[PDB]
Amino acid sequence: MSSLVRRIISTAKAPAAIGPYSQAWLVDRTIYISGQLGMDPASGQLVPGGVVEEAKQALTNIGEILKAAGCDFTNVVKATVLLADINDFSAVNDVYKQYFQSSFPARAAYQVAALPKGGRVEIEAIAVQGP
């Protein structure tokens, strides 16, 4: 008796879902984004190079999903960084660094036991639509 707008997000500029989930959902004004690994949308595999290159690809994947929802990085209000080794903390912050330039979102970060597909880093996020 008071309907809410719900819309699915799906773009090829981002990797396909290796499991039973959707890329993102928009409900009312909030966007829930699934966890992203450092996978290349063209090859379907993790990029080589290690944790730094995987973190750059994962954040680029998040950017294409945000644009497909009519947003950019200034719309993110919270994020979670999952690491395979707590000793990569300083290096990952240096890549995370450049995408959220200032006015950083809320965040949480810790080392996990293992990630799917043997990845070294995984990142999820929540955003709110303009204005």
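Each residue number is its position in the shown sequence, starting from 1.
Out of 61-69 and 91-99, which one has CA B-factors that are higher on average in the deposited record? Looking at the recorded C-alpha B-factors, 91-99 comes out higher on average.
Stretch with the greater mean C-alpha B-factor as recorded in the entry, comparing 122-130 against 3-11: Comparing 122-130 with 3-11, the higher mean C-alpha B-factor belongs to 3-11.
Out of 45, 34, 74, 80, which one has a C-alpha B factor higher than all the others in the entry? Result of the comparison over 45, 34, 74, 80: 45.
According to the PDB entry, is the CA B factor of residue 17 in the bottom, middle or top third of its chain, that is, lowest, middle or highest? Highest third - that is where residue 17 ends up once the chain's C-alpha B-factors are sorted.
State the tercile, meaning the lowest, middle or highest third, of residue 52 with respect to the CA B-factors recorded for its chain. Middle third.
Can you tell me whether residue 84 has a C-alpha B-factor in the lowest, middle or highest third compared with the other modelled residues of the same chain? Answer is lowest: the recorded C-alpha B-factor places it there.
Name the third of the chain's ranked CA B-factors that contains residue 106, choosing lowest, middle or highest. For residue 106, the deposited C-alpha B-factor lands in the lowest third.
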